[PDB]
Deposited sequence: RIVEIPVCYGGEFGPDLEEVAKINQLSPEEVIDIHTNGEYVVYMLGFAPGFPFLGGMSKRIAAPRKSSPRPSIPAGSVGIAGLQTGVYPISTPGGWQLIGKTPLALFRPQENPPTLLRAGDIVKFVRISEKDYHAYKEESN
């Protein structure tokens, strides 16, 4: 069950696309189409939050030292070498790189392919 997730990247949507890119001697524009190049098997452990297996090591990133009091719902983050989408507005220090509408849609074993979209969408 492929699920094409449309996400705006960086700017207000992705507060940490510069850090993610920075850390890995890369550009925000390079980070986007690396992430979008991916093919992600959805998994979970222990939530109902859709962890996404398959991310490129070239865009790995450490979790923000101090947690945010609230990541917005629909955010799209990277923690370590794990990517994934936020169904509801939780707190956490995942490096936020983008945002979709509007997810439970993703269930264990699904396949996620992110596609960019304009701010105007």
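The deposited chain is incompletely modelled, with C-alpha atoms absent over 47 to 48, 106 to 114, 133 to 141.
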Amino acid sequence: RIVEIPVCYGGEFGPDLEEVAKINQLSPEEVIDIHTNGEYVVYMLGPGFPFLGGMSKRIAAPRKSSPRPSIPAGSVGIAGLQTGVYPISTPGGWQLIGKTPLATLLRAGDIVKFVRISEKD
From here on, numbers count along this sequence of modelled residues.
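In this entry, 18 to 26 shows the higher mean Cα temperature factor of the pair 109 to 117 and 18 to 26.
Per the PDB record, residue ranking by Cα B-factor puts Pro47 in the highest third of the chain.
Among the modelled residues of the chain, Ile88 sits in the lowest third by CA temperature factor in this PDB entry. The deposited CA B-factor of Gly74 belongs to the lowest third of values across its chain. When the CA B factors of the chain's modelled residues are split into thirds, the value for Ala60 lands in the middle one. For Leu96, the recorded CA temperature factor ranks within the middle third of the chain's modelled residues.
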